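# coordinates only, no sequence provided:
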Ligand SMILES: Nc1ncnc2c1ncn2[C@@H]1O[C@H](COP(=O)(O)OP(=O)(O)OP(=O)(O)O)[C@@H](O)[C@H]1O
Ligand SMILES: Nc1ncnc2c1ncn2[C@@H]1O[C@H](COP(=O)(O)OP(=O)(O)OP(=O)(O)O)[C@@H](O)[C@H]1O
Ligand SMILES: Nc1ncnc2c1ncn2[C@@H]1O[C@H](COP(=O)(O)OP(=O)(O)OP(=O)(O)O)[C@@H](O)[C@H]1O
């Protein structure tokens, strides 16, 4: 009956994205974004959601769920795959939200980016930034690139994540992934340890604290290729942001350094497609002879004009002329309506 | 005799709003706002108000009432309903103030708002703000809306409250309610956990600390519909307030963000009615094509002029022309007498 | 089989720079900068990388790897040499990165610097600064100089390092090396203890905190010859930097003091050579009668012009006219292209 391992069975069996456990109701499941209660077998759950949750939690997690009202952790079931779990107290009673963790890195062509992007993965050092709002394929793009390196280079890759989304098998290189909160205390002191761990590639899950970006740039300018993720929407947004989070006492020297070490920037958005509904739009900036200097001279508004690698709106039109994204979709995604409509 | 469970019996039997326990007197009761001592059965209470209070308190509550001079907690009696209890030391002796907690969410038509409000509950993401002073129906309006969603959408609703006023049954969706101080340490780290708990709707009981509003806006602009409650009196008050509690280093960018994500604002006041005495007045602002831009350009005084959804005074006149609220009632409730009197 | 001591055997046997231990894969090895998995003997490693790592760790290290997710430590195997080890948690599982520590200080002529440098090692007191980015031979140059003193002077040398790179045998003098994190708590309170330890020569591994540079300069101006290492690229960079990290309340008095006590500055870069690939370029400034005063009068841009000891670009041309470093190599290494190309 009420066995967590069997609840999971039925969830993937129905292609569920999430499962939810709360007292009053039977086990719930999110399918296509709709919550459905799998009455199938299990009946309305007693306060012994606590019993189910526990059958999955470590001892330092159960400790934690007491010290504070919630835990965020991952667990693996050999049968199927891996799962992210947030357990918490609801109405004096125990509640849980399990998520499915991706079991397979997509092929690069599957994504939507051009092959001009893959050229970044061959650069010897510098910063590769993939940005965009939560749910625009940032983690996917990175995983595709890190695994592309993994297939082709004899490197030592190190990733610092929150949480570990996709997982890597050893191939031509040797991959180590560290989860903040489980393997290490912080992005920062993990990235600091990373400098002494002989890595070829370093991947910061997120760069939200300044101290991290400060270590992230240090690494980049010291022989490493570093992958980083922001939440910005354009490329100019990105460069402006990481600069304008430093004290303006040598914020100009950030612009100098970034301009040497910034290797490429990809900003992503997932718009609805006409087939299966899933299409990626993007801004792409791989700096060259000219671009490099404009950033040093902080002439960023004039940078946009040289961009013919490809501006965000150009990606929108290209996706429209072929016939995938609609006009208003192409318009609501657009940073500036004025550049389009002209198309 | 002196049995807490029986005292409660007699209180609802007389339709009491509160019951009060203190040493010198017999158990007291608030009926229609007047304190009456139910001599009925129980006699003048000994210092063993402590005995009664305890028969209702958890162990971490009795601990707390020692560590500090008071506790605030909720407890449920299957017989009738749920009760909020504040226990504290009076004159070296134990005292208690129990409140009745609402056992049934009202129908939306019962309230007083138009059906234009219910359209908010269908919005995919953004901020729904219900404001007003304590005792203007904020919690009621929200409960009516969250339960309306609950009846019609297959969502996962999460509320973070202080305390949990109304309680929800699972219906078409799956509802989780977390009480700050019992299930979680803070609004903020509960709202932070909320982001990882796969919710469709998030409800912040109160947004008094900036850090909360900062997370609340983040959630809103990241795919969630978020319900929030202030203490402001007008809609312009509201927008001005949440903006002017951010450091003015990017306080202008709050105005930009709010204008994209602010879905509707309802400000409420409960004026005396001629029948049973209970009528709601309100200001309603659902932004559209034009309004959106005025807020970005911080032209808020000119926003008022476009409002014909409905200004606070228009609600007052409408309630008067029909014959419910008196002239001075309509005047003392009014933000500006000058707009009315002209009616 | 799986014996750490034997894994090491095979690594030096193949002339490895690093060895890497992680669960999924067999023991890895970096040869010529390429990761190769030595399937030779050991098979795919179980989570009992933990077993191997432990056979090398002290008790306060194994404690540490628990308190925090990683340790950085050194260990010695009589058979071959010494090894730097960073152990850390990867995917809930134990991972390790061992480095080879240099077993023999090079002859000074082997380096690339002129004999004008060795004259510094005979100075009675002052500051000798070797600078450059990680991997430009800073530690080598110092070790060559300290050991040169060791062979010829009856001194008491003290070094404070992070970690102890090269190790010294007692010769004509008596050498003491202290590792920050193992023998002492900090560079600073080690340098502070150094003042009371009767040393002739003091060597600060790194001078990143101001408090250190403040003690480092104190020592210099108090009878000691002090060796220090920065990350700057030019000599003017160096002097400007250490000055501009003091509060400008008496930052001018730093310029006065530095100008008395700065004995020499060497800034290094390792460019690719045509033979074995390994050649050193450098900027050299040994102040004299005139130079001393220019620094007091902060006329540093005019200092460059008097430099005919030798400017960075002059070193580049000299290495090119002989035929070692290529034009673009000489150009990309150059601080200013404009000075060269004229050659
Ligand atoms: N380029 C793409 N085209 C179509 N679908 C994609 C693409 N990238 C990702 N997806 C899908 O969309 C969902 C969200 O992707 P992903 O998690 O990579 O984005 P993200 O939220 O920016 O990353 P993160 O996990 O760091 O927040 C996933 O289920 C993924 O399979
Ligand atoms: N629209 C309304 N019309 C008439 N009576 C109402 C209305 N809304 C609430 N009431 C009644 O008035 C009292 C106060 O309502 P409520 O507690 O919702 O207001 P509030 O104090 O603003 O909310 P909160 O509990 O967050 O302070 C309740 O007893 C409720 O039944
Ligand atoms: N002058 C030189 N010429 C050729 N090779 C050198 C020279 N100096 C050092 N090397 C080699 O280059 C590598 C890096 O040298 P070293 O570690 O001294 O530089 P560094 O990184 O500046 O010092 P540190 O250990 O303080 O970071 C070593 O393997 C060393 O053998």
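Great, that's in hand. Numbers count the residues shown, from 1 in each chain, chains lettered A, B, ... in the order given. Ligands and ions are numbered 1, 2, ... in the order given.

# where do the helices sit along chain A?
Secondary structure of chain A by DSSP state H: the helices cover A:4-13, A:49-54, A:59-67, A:108-111, A:138-152, A:187-194, A:210-220, A:235-243, A:251-261, A:289-296, A:303-306, A:312-322, A:327-333.

# any part of the lengthiest strand in chain A near chain B?
Longest strand in chain A, counting residues (DSSP state E): strand A:262-271. No. Strand A:262-271 lies out of reach of chain B by C-beta under 8 Å from any C-beta of the partner chain, never closer than 11.9 Å. C-beta here means a position set from N, CA and C on the backbone, and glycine is covered the same way.

# so what are the sheet partners of that strand and their directions?
strand A:126-131 (parallel), strand A:279-285 (antiparallel) (DSSP bridges).

# circling back to that earlier point, nearest to chain C, of the helices of chain A?
Chain C sits nearest to helix A:187-194 of all the helices of chain A, at 4.8 Å, using C-beta to the nearest C-beta.

# what distance separates that closest one from the centre of its chain?
19 Å (C-alpha atoms, centre = their mean, to the nearest Å).

# with stretch A:214-223 instead?
With C-alpha atoms, centre = their mean as the basis, stretch A:214-223 stands 20 Å off its chain's centre.

# stretch A:279-294 now?
With C-alpha atoms, centre = their mean, you get 20 Å for stretch A:279-294.

# among the strands paired with strand A:262-271, which comes closest to residue A:158?
Of all the strands paired with strand A:262-271, strand A:126-131 sits nearest to residue A:158, with 14.5 Å by C-beta to C-beta.

# in that closest one, what counts as buried?
Within strand A:126-131, the residues that count as buried by 16 or more other C-beta atoms under 10 Å in any protein chain shown are A:126-131.

# quick check: the gap between residue A:72 and residue C:304.
Taking C-beta to C-beta, to the nearest Å as the measure, residue A:72 and residue C:304 are separated by 56 Å.

# skipping adjacent residues, who's closest to the residue of the stretch 1-150 of chain A found nearest ligand 1 in space?
Closest residue of the stretch 1-150 of chain A to ligand 1, C-beta to the nearest ligand atom: residue A:137 (2.5 Å). Spatial nearest neighbour of residue A:137, chain neighbours left out: residue A:268 (5.2 Å); criterion: C-beta to C-beta, 6 or more residues apart in numbering or on different chains.

# burial count for the one you found?
Residues lying near residue A:268 (other C-beta atoms under 10 Å in any protein chain shown) number 24.

# residues from the stretch 201-343 of chain A in reach of chain C?
Contact residues, the stretch 201-343 of chain A versus chain C (C-beta under 8 Å from any C-beta): A:222-223.

# in the stretch 201-343 of chain A, which residue sits closest to ligand 1?
Closest point on the stretch 201-343 of chain A to ligand 1, by C-beta to the nearest ligand atom, is residue A:280, at 3.6 Å.

# tell me which residues touch that residue, please.
Shown in contact with residue A:280 (C-beta atoms under 8 Å, 6 or more residues apart in numbering or on different chains): A:111-113, A:136-137, A:268-271.

# nearest residue to it in space, ignoring adjacent ones along the chain?
Excluding its sequence neighbours, the residue lying closest to residue A:280 (C-beta to C-beta, 6+ apart) is residue A:112, at 3.7 Å.

# I'd guessed the one you found sits against residue A:282; true?
Yes. With contact defined as C-beta atoms under 8 Å, residue A:112 counts as touching residue A:282 (7.4 Å).

# quick one: which of those two has more around it?
More neighbours surround residue A:282 than the other of residue A:112 and residue A:282, with 27 against 20 (other C-beta under 10 Å).

# so what's the more buried one up against?
Contacts here follow C-beta under 8 Å, 6+ apart; on that basis residue A:282 touches A:112-113, A:266-269, A:310, A:312, A:315.

# go with 6 Å
The neighbours of residue A:282, taking C-beta atoms under 6 Å, 6 or more residues apart in numbering or on different chains as the test, are A:266, A:268, A:315.

# closest one of those residues to residue A:300?
Of all those, residue A:300 sits closest to residue A:266, with 17.6 Å by C-beta to C-beta.

# hmm, that closest one is touching residue A:131, no?
No. Using C-beta atoms under 6 Å, residue A:266 is not in contact with residue A:131, being 7.1 Å away.

# that older thread, tell me the most buried of the helices of chain A?
helix A:187-194 (a mean of 23; mean count of other C-beta atoms under 10 Å in any protein chain shown).

# contacts made by that one with the rest, please.
Identification of contacts with helix A:187-194 by C-beta under 6 Å, 6+ apart yields A:158, A:160, A:178, A:180, A:184, A:202, A:211-212, A:215, C:70.

# and that helix with helix A:210-220, angle?
Orientation check (axes from the mean of the first three to the mean of the last three C-alpha atoms, to 10 degrees): helix A:187-194 against helix A:210-220 gives 20 degrees.

# and helix A:187-194 with ligand 1, contact?
No. Helix A:187-194 does not reach ligand 1 (C-beta under 6 Å from any ligand atom); its nearest approach is 13.6 Å.

# what do you get for stretch A:172-181?
No. Figure legend: stretch A:172-181 not in contact with ligand 1 (C-beta under 6 Å from any ligand atom); closest approach 13.2 Å.

# from residue A:338, how far off is the one residue sitting closest to the centre of chain A?
Nearest to the geometric centre of chain A sits residue A:139, at 2.9 Å (C-alpha atoms, centre = their mean). Remark: distance between residue A:139 and residue A:338 (C-beta to C-beta) = 32 Å.

# one step back: nearest to ligand 3 among the buried residues of strand A:126-131?
residue A:126 (19.6 Å).

# which residues touch the closest residue to the closest one other than its chain neighbours?
Excluding its sequence neighbours, the residue lying closest to residue A:126 (C-beta to C-beta, 6+ apart) is residue A:263, at 3.5 Å. Residues counted as contacts of residue A:263 (C-beta under 6 Å, 6+ apart) are A:120, A:123, A:126-128.

# distance of residue A:281 relative to residue B:335?
As defined by C-beta to C-beta, residue A:281 lies at a distance of 45 Å from residue B:335.

# can you pick out the residue with more neighbours from these two?
The neighbour comparison of residue A:281 against residue B:335 (other C-beta under 10 Å) goes to residue A:281, with 24 against 18.

# which of the contacts of helix A:187-194 fall within strands?
For the contacts of helix A:187-194, the ones inside strands are A:158, A:160, A:178, A:202, C:70, with DSSP E as the criterion.

# contacts with ligand 2 among those residues, please.
Among the ones in strands among the contacts of helix A:187-194, no residue sits close to ligand 2 (C-beta under 6 Å from any ligand atom).

# neighbour count and distance to ligand 3 added to those residues, as a markdown table?
Listed next are the ones in strands among the contacts of helix A:187-194 as a markdown table, based on neighbours: other C-beta atoms under 10 Å in any protein chain shown; distance: C-beta to the nearest ligand atom, whole Å:
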| residue | neighbour count | distance to ligand 3 |
| --- | --- | --- |
| A:158 | 26 | 20 |
| A:160 | 27 | 23 |
| A:178 | 28 | 24 |
| A:202 | 23 | 18 |
| C:70 | 22 | 20 |
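
# what's the farthest-apart pair in the residues you listed?
Using C-beta to C-beta, the two most remote members of the ones in strands among the contacts of helix A:187-194 are A:202 and C:70, lying 14.6 Å apart.

# residues near residue A:122, how many?
11.

# do you know how far it is from residue A:225?
Residue A:122 is 9 Å from residue A:225, by C-beta to C-beta.
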